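One structure is given here, and the rest of the page talks about it.
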Ligand SMILES: C[C@H](N)P(=O)(O)C[C@@H](Cc1ccccc1)C(=O)N[C@@H](Cc1ccccc1)C(=O)O
Ligand SMILES: [Zn+2]
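Residue numbers (UniProt numbering): 5 to 870.
Right under this line is the structure:
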């Protein structure tokens with residue numbers, strides 16, 4: 005298919021205002037009858053062009069007249085010579101059982117369910133499958149009662165009946181006009197957890213969580229999180245739910261985390277099912293954030309939707325911002341910010357440095373499913389957060405209110421959102437808008453000067469964004485650049501100039517500019533880009549002592565973690581260079597000293613300590629380098645772990661023991677202590693072998709929760725401890741029947757430092773708990789290997805690339821969306837040495853020649869080979 009361009013947007017020639025659907029459901033052959041009320045808006049001679057994929061057309065009527073003026077073409081049904089207003093009736097067949105791509109109506113175990121975003125509804129019937137067409141849906145579902153006792157679609161049950169031959173039916177009406185990507189249908193046999201939330205104005209909402217039979221023991225936390233999400237959106241954003249019923253269905257087979265279908269969200273079971281023996285603290289907090297995310301889409305996505313798919317970030321950047329604010333308000337703001345900055349620097353910057361680079365509002369798309377990206381989501385949220393930084397909470401909320409006032413019940417654009425924020429706040433965002441249009445990561449360079457004669461501190465700040473493959477032209481951005489200045493006692497120095505206070509958020513809008521601060525009585529230590537105030541790379545020539553000073557004194561916990569990152573970066577870079585010359589780790593004494601001080605500091609929040617004591621991942625480390633040496637990075641990461649383990653052995657054990665908790669609670673203070681304890685465990689695993697082996701095996705066996713059990717198992721694998729094989733087998737024996745739990749074990753197998761990792765991974769394709777039919781299994785074994793074990797994936801013999809090619813050859817046909825997620829590591833080839841590039845190019849060329857190459861892979865392969 006050809007690329008589509010944002011600049012080609014044109015209003016639809018026809019709208020559909022109302023659609024009545026009937027599904028005669030069966031896994032082999034489903035018959036869809038769709039009755040649409042259409043209204044022409046364009047030229048009177050314009051044909052109606054309906055999108056359709058893999059449909060068997062049965063009939064076409066206009067006002068009940070069999071229509072002869074139509075033609076089917078690739079991906080379309082084109083209907084000519086129509087009245088201005090008419091009733092379209094389409095009957096067509098589809099085959100859910102044959103739908104391995106999991107796009108449209110498909111089978112998940114014994115259940116039938118849908119996924120329609122972005123363009124899945126056209127796999128169900130011929131329709132105006134574009135998000136600026138908003139219709140009122142009524143959905144009648146007819147099915148075998150024994151096999152499908154629950155028949156669900158969006159909105160409220162308005163009719164129901166029984167039929168001969170053991171069939172029954174239910175009809176649903178959703179009063180809110182919607183784009184078809186928000187359509188959902190679910191049929192199957194479920195256990196149901198039912199509860200209620202009463203809104204602040206008194207609306208009683210029925211909450212219903214549908215899970216596979218036997219999974220009720222894993223449902224209450226998700227339900228609790230839904231209620232928490234509802235309450236928070238009221239308190240923080242002043243938003244209430246707008247329907248009578250809120251349904252969530254947890255399904256096993258799903259190509260995303262979850263989906264905000266109006267009143268009938270469909271979730272990957274990973275983001276619903278939890279009990280303390282199956283789920284970790286991280287699972288609990290992820291369920292919380294994804295339940296929140298889907299709930300928050302009700303306003304930011306559904307009540308206001310997207311005019312076209314290039315505006316995806318309008319809902320995704322804003323909804324991610326909302327889920328981050330939810331998690332941050334309920335939990336540790338510092339830990340959430342830290343985690344989101346690790347994702348930005350370690351994963352999103354890599355995308356912005358890749359052949360797939362795009363602005364948060366893309367200009368060119370071949371396959372829209374390829375644009376559900378770290379950029380659109382996470383950088384999108386950073387852009388929303390910059391607006392929040394520039395406006396402050398009160399004006400930001402005024403902007404939110406104006407946005408909803410203007411655009412409720414419509415399909416809007418990124419520009420509409422920015423305009424609402426500007427108009428509500430009187431803050432000029434004209435230059436700021438360039439963040440929507442420009443790809444790549446800006447680099448902000450800071451030079452400073454303290455003048456004792458004048459008691460002035462001057463920051464000379466410059467910016468540039470390197471060219472990206474998609475954009476030869478780059479321009480300066482409006483960068484909110486937050487600072488704080490500290491005296492030698494760690495006290496904040498008031499920012500001022502010429503007898504007036506200066507805002508700590510500097511407006512870095514030029515290629516080069518200077519900022520002068522007076523009444524700086526003594527030489528300051530600066531904290532720069534506070535709370536990661538803009539998604540940029542910072543270049544400032546820190547001394548080690550400035551950084552350790554900030555670790556001790558910075559007022560925001562984020563700054564203390566960030567200073568530790570800058571300190572480590574220097575020595576990670578040093579030691580990778582040493583590795584390449586066959587030299588062992590070298591680290592100045594004062595560095596281990598800084599981490600010792602973190603361990604022994606009584607005043608530090610355990611939440612913060614735990615994150616400082618969590619070394620950057622191999623993907624985070626890769627972004628420190630122009631050319632990635634993934635073997636050096638992996639070995640340096642282990643060497644650094646071992647060195648700190650040795651130098652801090654006593655302190656690590658003291659803190660490990662001090663943070664023991666006999667009670668298991670999913671509560672933030674407890675989670676912090678446990679995260680610290682297990683951060684210590686990572687290092688303790690690299691102590692004297694017998695001592696480490698005993699400690700690790702003890703934790704695995706004595707654990708009263710999965711967080712602690714998994715931490716121990718992970719350490720046994722990381723440090724290749726004697727107990728590893730026993731613990732791994734014990735886990736398999738206990739948990740093989742549980743796919744979500746086995747995913748953690750597949751991840752450990754895939755990311756193992758063992759020399760035989762690829763052999764093991766290949767063997768696990770035959771494991772009883774693995775299947776190529778399940779996206780979660782694929783991601784946990786194959787994705788984890790390719791993406792989270794770059795040292796093995798990039799083995800010099802090219803074996804990792806060949807393995808991935810085999811897997812992608814299958815998945816290109818089976819499930820292109822999952823295939824396209826999995827190909828990402830191969831498209832980073834230009835970051836690697838020449839020998840690696842050659843092998844990766846050969847792999848990509850093999851894939852390029854596949855019979856029936858998917859558009860999903862074609863788009864990425866083309867860019868990677870350019
Ligand atoms: C496509 C839906 N409209 P969604 O709700 O945005 C899906 C989203 C749910 C989620 C939110 C927050 C954390 C984790 C999951 C989702 O799956 N996003 C993924 C990325 C993604 C994967 C596959 C398809 C689409 C997006 C992510 O942010 O990690
Ligand atoms: Zn979303």
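Backbone N, C-alpha and C fix where the C-beta goes; we use that ideal spot for every residue, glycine too.
Beta-carbon spacing of residue i, residue j below 7 Å
i           : j           : result
residue 98  : residue 34  : yes
residue 92  : residue 15  : no
residue 802 : residue 796 : no
residue 638 : residue 584 : no
residue 374 : residue 817 : no
residue 399 : residue 429 : yes
residue 40  : residue 66  : no
residue 613 : residue 537 : no
residue 655 : residue 600 : yes
residue 480 : residue 386 : no
residue 368 : residue 9   : yes
residue 279 : residue 337 : no
residue 342 : residue 173 : no
residue 270 : residue 188 : yes
residue 359 : residue 181 : no
Reference residue i, options the options, closest by Cα
i           : options               : result
residue 534 : 315, 563 and 521      : 563
residue 489 : 294, 520 and 656      : 520
residue 515 : 497, 468 and 543      : 468
residue 380 : 337, 346 and 313      : 313
residue 833 : 849, 820, 821 and 819 : 849
residue 345 : 296, 170, 620 and 717 : 620
residue 365 : 359, 682, 378 and 357 : 378
residue 800 : 548, 839 and 133      : 839
residue 73  : 79, 64, 84 and 821    : 84
beta-carbon residue i near ligand 2 non-hydrogen atom, thresh 6 Å
i           : result
residue 320 : yes
residue 309 : no
residue 379 : no
residue 323 : yes
One or two residues paired with residue i in a DSSP bridge
i           : result
residue 517 : 465
residue 230 : Answer is none; residue 230 lacks a bridge partner.
residue 212 : 198 and 251
residue 368 : 9
residue 192 : 154
residue 542 : 448
residue 147 : 172
residue 117 : 110 and 190
Distance cut-off 6 Å: residue i Cβ against heavy atoms of ligand 4
i           : result
residue 360 : This structure lacks ligand 4; its bound ligands are ligand 1 and ligand 2.
Endpoints, alpha helix (DSSP H) assigned at residue i
i           : result
residue 319 : 316 to 334
residue 569 : 561 to 584
residue 507 : No alpha helix (DSSP H) holds residue 507; DSSP gives it neither H nor E.
residue 286 : 285 to 300
Segment limits, beta strand (DSSP E) that includes residue i
i           : result
residue 255 : 249 to 255
residue 164 : 160 to 166
residue 18  : 18 to 28
residue 65  : 60 to 66
residue 530 : 529 to 532
residue 108 : 108 to 112
residue 897 : Here the chain covers residues 5 to 870 and nothing more, so residue 897 does not appear.
residue 610 : Element bounds for residue 610: not the beta strand (DSSP E) but the alpha helix (DSSP H), 610 to 616.
residue 90  : 89 to 98
Any non-hydrogen atom of ligand 1 closer than 6 Å to residue i Cβ
i           : result
residue 56  : no
residue 294 : yes
residue 376 : yes
residue 849 : no
residue 581 : no
residue 261 : yes
residue 371 : no
residue 65  : no
residue 672 : no
residue 121 : yes
residue 297 : yes
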